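In: Requesting a structural model of the entry that follows:
(chains A, B, C, D, E, F and G)
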Amino acid sequence: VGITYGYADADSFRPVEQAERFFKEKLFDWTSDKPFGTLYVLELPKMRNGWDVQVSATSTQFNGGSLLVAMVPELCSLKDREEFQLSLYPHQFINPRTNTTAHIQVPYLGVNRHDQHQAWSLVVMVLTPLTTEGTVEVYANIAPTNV
Amino acid sequence: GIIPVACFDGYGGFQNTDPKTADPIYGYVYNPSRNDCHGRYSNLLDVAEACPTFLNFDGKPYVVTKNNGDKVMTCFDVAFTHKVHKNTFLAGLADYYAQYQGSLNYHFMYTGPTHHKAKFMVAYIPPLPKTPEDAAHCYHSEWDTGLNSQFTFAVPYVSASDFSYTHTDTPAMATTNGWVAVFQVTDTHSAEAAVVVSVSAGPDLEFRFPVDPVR
Amino acid sequence: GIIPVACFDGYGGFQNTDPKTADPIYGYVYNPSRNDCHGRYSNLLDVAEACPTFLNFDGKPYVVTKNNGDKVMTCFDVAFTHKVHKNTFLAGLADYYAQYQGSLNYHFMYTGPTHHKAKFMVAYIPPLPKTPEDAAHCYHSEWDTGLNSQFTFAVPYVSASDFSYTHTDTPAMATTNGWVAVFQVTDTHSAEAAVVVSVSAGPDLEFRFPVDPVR
Amino acid sequence: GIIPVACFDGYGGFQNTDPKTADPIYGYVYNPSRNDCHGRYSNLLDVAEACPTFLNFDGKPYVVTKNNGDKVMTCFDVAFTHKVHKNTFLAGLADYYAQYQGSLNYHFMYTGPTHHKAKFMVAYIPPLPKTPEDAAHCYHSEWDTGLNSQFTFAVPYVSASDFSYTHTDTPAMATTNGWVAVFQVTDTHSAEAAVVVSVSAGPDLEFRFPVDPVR
Amino acid sequence: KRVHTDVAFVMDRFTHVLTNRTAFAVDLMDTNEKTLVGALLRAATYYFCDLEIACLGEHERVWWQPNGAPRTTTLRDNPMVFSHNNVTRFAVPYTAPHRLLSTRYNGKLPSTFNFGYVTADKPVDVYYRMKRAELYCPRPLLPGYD
Amino acid sequence: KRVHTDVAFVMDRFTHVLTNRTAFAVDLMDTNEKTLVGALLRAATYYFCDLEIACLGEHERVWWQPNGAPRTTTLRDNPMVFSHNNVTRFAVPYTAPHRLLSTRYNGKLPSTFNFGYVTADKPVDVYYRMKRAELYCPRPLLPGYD
Amino acid sequence: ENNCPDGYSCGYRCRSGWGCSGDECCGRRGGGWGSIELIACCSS
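Out: Numbering: from 1, shown residues only, chains lettered A, B, ... in the order given. The coordinates are given below.
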């Protein structure tokens, strides 16, 4: 639980940016009928800017499951066995019993210093099917930083 | 005024891994800089240590608790060629290296309801009985899902040789690499839960002899 | 007493750009001096910066004020392949170089009677609206022909890539290089004037990768 | 800018004993260590000095005391090609070397009953009479099996040349290498006994010019 | 200390990329996706290197044009290397206009992601070597063979 | 700092000037007027360099007389270089009596503006390289191609 | 003793948007490659 800064600079954290705009959107209905690997990919944007996404879910003490929320840079496609290595990307876990809310911030990334071109894609995967003992909804809050 | 030399036989052929450099065409090029770029990695295994990747338990990364009395949720080898490790980044990285040595870290995450608390023990069985009492004399560790739903189980390197072979053929051999297994000590199971298992390279793991597999 | 060597394969062929020198025939020649000579230039881009060259507006380097209401005397790309830049020393240099990066300086000289005073503006529209209000958010400058009949406008480098290609084919593409445009803010035009436009390399301009064009 | 050289004729052929090294393939390998290993020997003759090996007296390493009056038990040469030395480590090591020089140490061990004490003298007869009186003017020594049942008899190098030939053919030549013989001074023989004889390289022995016997 | 997993060590190898070609772009994605170099290159989003091109086969000379140069049938006074013992090895600088090259692109890769163009007198077999290779943003890597 | 547009760097290249000639003057205006070396040379009113000549082709040896030497069919003991691997590269020092050479002349260029005279055993292809070139009085330069 | 949750260590400079006077945050490497996670400030 906390705030994840993907591809962070080691020197910059030795002992600035901020979110300018805001947005909200529902992604999918988290239900037990979706097994592992139920990907939901959202390209960003839906100016040399870094993104800041706060994916949240509505879960109670009787809800169980796990979502993997990551930001893949230039996700053209995902192969059959590639999902298992998604943790290679700036990612977080949403668990109803641990944090039930994700927050990832990534810098500008590209071949050039100015972008047009979906550089980043927010990917949400259902790592484990939803378990209960009454529906769970996922809402994504996306805000550009340092435009 | 002429240096006498002798062109030896045997040297001079085109080697694809020779240390010698070539003669540049545009020798006065100066690319600006790449210092402030993000995500640079200069070592492959450094990526594998900090990026645990999930295991393949019959197409799924999690393990379902069983109501029947067996006390063994899973029993998988520690071989990179095993179907369990098939999807991991380490196995993908191990396919291109002949030999390896070092330790593995296995990460376990519990994704059940917050009300249900379960206690699990992880046992390593060096090259085999499948009971906690016989695993007491062997390497073992126990973690309760009431303090941290995240457990790391370092697997020591106990192979006979200094280095092991990345490529081999052992489906369920008793002496494969140590038979990591997960035991649930609580027989008072309430309902179905899940345990996500992922593996990351240990701080001392080391691959060697890069190989192009043409199998 | 013989140094063992090994003649490698791959090196030794005749390269037209090799750094190695040859063996002179008359090795004891001494040409007197060229220190007190005039006009020596050791860099082509220094000449390009110090010597602005005129543009080609349909066979003429000057633009004529129009009586009709359009407020746009000229609107030309910043591409070296554009016919407007066809007759410049910068375009001549660009034909032999693969890539370039940097800024340009456009020099405008008023060529009318001394009694007639006019105020012009020049705008650079990065990769497009053609109005002064929308150019206010863009990079625009304004000069009045009552103080100096000689104005310099610095067109910066705002291309996406670090370097840009000197060879391309874009007639009036909206993203060619920035669409330098000239407006007359005063609608009280009196008679037929003329404005001479020339271009020169900026202090930071730099070409790279010389190329023989065999198109 | 080119160094003038000249590829001499005669050098450059593939020598099987050339000091030059080759170009490694995996030049960044680092085997851990072999410091704490046991039994390493860096010199072959150091092994031969510290490891005496038995002689071949008609298939047996020992000598049977004779009841008849001859005062001689064995009379064997000091040649590595002789059938007596055939089974020794020195002869096996001498088969691969052209020449040698130095001394030999012959170890005699008495393996009889403790009650029976016998006195033996060992004589070296340089290149021949077989009597102790004639051996008095020659090199000889005497040891009694009542103090130490282990005797060392150093054989000095008295060959005419500085180095001798390991490979030769002399069955019982009077000038082979010195005709080491063992004499028993006590004619009061009681019963049958044995004397184990072994040879080890002297501290000054030195083989040279390794060769491959293709006889 | 681990040496054989270093990127600058692994990528510093001549990999066979294409066989029997006379004129070709030097797109580093021409490498085989199952070889060591190709697989570890495709496991990174971005990269940068100075290349070495080796041409093996019966050919007299090889011309190389930097990235951005116009494509023409006949090359005159362009960078040309004559073959020695039917081998032509030469080091190509990073001529792309971009700061870094990318294996993937969420737009097929545009033509600007290459190290130039190469023409040969006769068809040759080509080997690529990444000198001082730098990799960025690691991507999933999977076992090529089972 | 700009390097690739330096005069001492650009002109330091072998340019193909003529093909299949056995005896030829070493005038520097034989260069193709559209090549990089040829066009930039004609963009200067005066120049100075120590030429390098390369001959490619089946020839046993090549000669070279300095500027001003009489022209004769048979050459004896004149500066002669034998070909190695059918290539003859040799550095010709600056030879003209004038302090500087010129591309244009308001007075066709007179015969004194050359670096010598070269006769080959058999016809060869010739490449010129300008070592330590020094250009003077820049002249208009135009795009060769559109 | 350091006042950070389990697995969190100090010595990480706080990035913009945390309001920590000492500029020391309970940093934690994880979440990908090169990712750095901050959860709160560091108090000594």
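
In: The residue nearest to residue G:16 when sequence neighbours are not counted sits in which helix or strand?
Out: Beyond its immediate neighbours in the sequence, the residue positioned closest to residue G:16 (C-beta to C-beta, 6 or more residues apart in numbering or on different chains) is residue A:16, lying 3.8 Å away. For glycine as for every other residue, the C-beta is placed from the backbone atoms N, C-alpha and C. Residue A:16 belongs to no helix or strand when assigned by DSSP states H and E.

In: burial measure for residue A:16, as a count.
Out: 8 (other C-beta atoms under 10 Å in any protein chain shown).

In: Contact partners for the residue nearest to residue B:60 when sequence neighbours are not counted?
Out: The shortest distance from residue B:60 to any non-neighbouring residue, by C-beta to C-beta, 6+ apart, is to residue A:36 (4.8 Å). Listed by C-beta atoms under 8 Å, 6 or more residues apart in numbering or on different chains, the contact set of residue A:36 reads A:125, A:126, A:127, A:128, A:129, B:59, B:60, B:61, B:62.

In: what's the answer for residue B:67, then?
Out: Applying C-beta under 8 Å, 6+ apart, the residues contacting residue B:67 are residue B:189.

In: Can you list phi and psi of it for me?
Out: phi -80, psi -30 (degrees, to the nearest 10).

In: how much space is there between it and residue B:188?
Out: To residue B:188, residue B:67 is 11 Å away according to C-beta to C-beta, to the nearest Å.

In: which stretches of the chain form strands?
Out: I went with chain A, as the question did not name one. A:3-5, A:24-30, A:40-44, A:51-57, A:64-73, A:91-94, A:104-106, A:120-131, A:136-142 (DSSP state E).

In: right idea, wrong chain: chain G
Out: Using DSSP E, strands in chain G cover G:9-13, G:24-29, G:36-41.

In: okay, those strands, which one's buried deepest?
Out: strand G:24-29 (a mean of 22; mean count of other C-beta atoms under 10 Å in any protein chain shown).

In: contacts for it?
Out: When contacts are defined by C-beta under 8 Å, 6+ apart, strand G:24-29 is touched by residues A:2, A:13, A:15, B:50, G:4-5, G:7-15, G:18, G:35-42, G:44.

In: With stretch A:43-56 instead?
Out: A:17, A:19, A:25, A:27, A:67, A:69, A:71, A:94, A:100-108, A:113-115, A:118-122, A:124, A:138-147, E:106.

In: how about it: buried residues?
Out: A:44, A:49, A:50, A:51, A:52, A:53, A:54, A:55, A:56 (16 or more other C-beta atoms under 10 Å in any protein chain shown).

In: Dump it to CSV, keeping only the CA atoms.
Out: C-alpha atoms of stretch A:43-56 as CSV (Å, rounded to 0.1, in the frame of the first residue of the first chain):
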residue,chain,number,x,y,z
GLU,A,43,-4.6,3.3,-23.6
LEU,A,44,-3.5,6.7,-22.2
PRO,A,45,-4.7,9.3,-23.1
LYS,A,46,-8.2,8.0,-23.8
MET,A,47,2.8,16.9,-24.5
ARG,A,48,5.7,15.3,-22.6
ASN,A,49,3.6,14.4,-19.5
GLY,A,50,3.7,11.8,-16.8
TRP,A,51,0.6,10.0,-15.7
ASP,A,52,-0.9,9.3,-12.3
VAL,A,53,-3.6,6.7,-12.0
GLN,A,54,-5.5,5.7,-8.8
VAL,A,55,-7.4,2.5,-9.6
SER,A,56,-9.9,1.8,-6.8
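
In: for that stretch, the distance to its chain's centre please.
Out: The chain centroid and the centroid of stretch A:43-56 are separated by 9 Å, computed with C-alpha atoms, centre = their mean, to the nearest Å.

In: Quick one: neighbours of the nearest residue to residue B:164 once chain neighbours are set aside, just the number.
Out: Distance criterion C-beta to C-beta, 6+ apart; nearest residue to residue B:164, sequence neighbours excluded, is residue B:100 at 5.8 Å. Using other C-beta under 10 Å, residue B:100 is surrounded by 23 other residues.

In: Now the two most distant members of the buried residues of stretch A:43-56.
Out: A:49 and A:56 (21.9 Å; C-beta to C-beta).

In: tell me which element whatever residue of chain E ends up closest to chain D falls in.
Out: Here chain E gets closest to chain D at one residue, residue E:3, 4.9 Å apart by C-beta to the nearest C-beta. For residue E:3, there is no helix or strand it lies in under DSSP H and E.

In: contacting residues around it?
Out: Contacts of residue E:3 by C-beta under 8 Å, 6+ apart are D:28, D:30, E:9.
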